[PDB]
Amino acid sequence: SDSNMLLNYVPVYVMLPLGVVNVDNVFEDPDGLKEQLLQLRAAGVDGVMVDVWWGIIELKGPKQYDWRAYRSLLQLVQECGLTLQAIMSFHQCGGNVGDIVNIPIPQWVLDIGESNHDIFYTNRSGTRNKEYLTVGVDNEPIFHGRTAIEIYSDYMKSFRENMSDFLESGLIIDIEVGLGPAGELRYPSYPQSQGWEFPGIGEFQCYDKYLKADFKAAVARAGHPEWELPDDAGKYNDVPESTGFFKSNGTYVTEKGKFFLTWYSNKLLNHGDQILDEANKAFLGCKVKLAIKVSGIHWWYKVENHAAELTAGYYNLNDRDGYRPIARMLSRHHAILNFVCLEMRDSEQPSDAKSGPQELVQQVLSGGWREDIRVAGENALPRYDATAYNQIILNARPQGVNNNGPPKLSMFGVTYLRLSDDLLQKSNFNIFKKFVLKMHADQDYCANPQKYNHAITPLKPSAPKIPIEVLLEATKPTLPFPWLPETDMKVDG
């Protein structure tokens, strides 16, 4: 049982509290965090995840980085016997679910935004979302001579060099490369800041002047210079059948609508690819893996228009796989797909949301495995209950434990949202400890990940670029891998 069981081990990470380093670049409560981290260590947790906030670190001005508070944080994590998942967080904290602290992007960038409002994702009404720089400015040299991708590149390089000792020592297991709002490769199509409420369809975020011009040039090249961006897609809180765009036989299935949706979703593929190229250059030779985050847009998954996925930039339909192209893009970077809505069951969602989180998880994970990449995940919402943990464990090993060897299917890791005093209360923490144990296939905590075939080797160069047509060959629908109806390693087991 034991070593066969150890090859079934799926590591568990815990997100740190938001604002552990505050907006003033102060590590405010090391002593309190220490006590919490030592509890996690004794509970068997493998490591922790933290946002390395751009708006904290590069606040003073371009290339004026202050890494000192984060060095103190990393030092503490190391002392407490935990590894670290470091998010390169190029986004704002404050306007998404659960955000309890306010960390804008650097003021010097916002200053440029006051003169050029088109550096922000923009909806049809003209509202500027300041949480992330539009993909439109990725390669526009408008930030005191740098492009947005150069900013991100320079930041990652500075992190790699200034944290070189922690990297060499093996503290950092993965670099989560932030690619949009909430760190995710997506558009801000469901902004609470503009009055969105679940389960609204959301809105397309491509009306900044850079994206609009790019679209207009592309439709002209396609022989349709008169095509305009969608004007019949409704508003954030609509339902799909209320809109010309998403109704049955609506604009989304027309040649115009299909072209738009392809263009819009391709912008994210290319944004992720180009930024991961820079991440690979920055961390070349380091014993880390790269990861990206994919949001779980489960509402409207069960209707043919998938409207909320579409407005988020995931062009996923019943007959078009919008996620497997992302997995294929990751393959050349040897990168992890971290899918950030892992814990849900369909029965938890209201019927009117047409919500399919179980099936969405199965689709995304299956696509990653079909494309021979590693797949990780997170719970979306705070959960302390056995139903949630058993669903996570199911997704972690969807065909169960292999008593005879490694499992044919397993996730590469799960990161739990989030460390809080509530997690550490007696009953909640007791159930969490059982979750960890079952994720670990009933084995004790295993400090050396080589033992469970998660050795960390130096980051190699990315493989050659994959052209967009080859990436989009992965839109071909495929059957998912079969899932058990329940895990064989329940917490109450």
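When you see a residue number, it is the position in the sequence shown, counting from 1.
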Between 371 to 379 and 124 to 132 (mean CA B-factor, as deposited), the higher: 124 to 132
Can you tell me whether 8 to 16 has a higher mean C-alpha B factor than 479 to 487 in this record, or the other way round? 479 to 487
In terms of recorded Cα temperature factor, pick the maximum from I172, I201, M88, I336. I172
Considering only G81, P357, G322, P230, which residue's Cα atom bears the greatest B-factor as recorded? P230
For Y314, does the deposited CA B-factor place it in the lowest, middle or highest third of the chain? lowest
Ordered by C-alpha B-factor within the chain, which third holds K302? Give me lowest, middle or highest, please. middle
Looking at the entry's B-factor column for C-alpha atoms only, identify whether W196 ranks in the lowest, middle or highest third of its chain. highest
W67: CA B-factor among chain residues, third -> lowest
Binned into thirds over the chain's modelled residues, the C-alpha B-factor of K60 lands in the highest
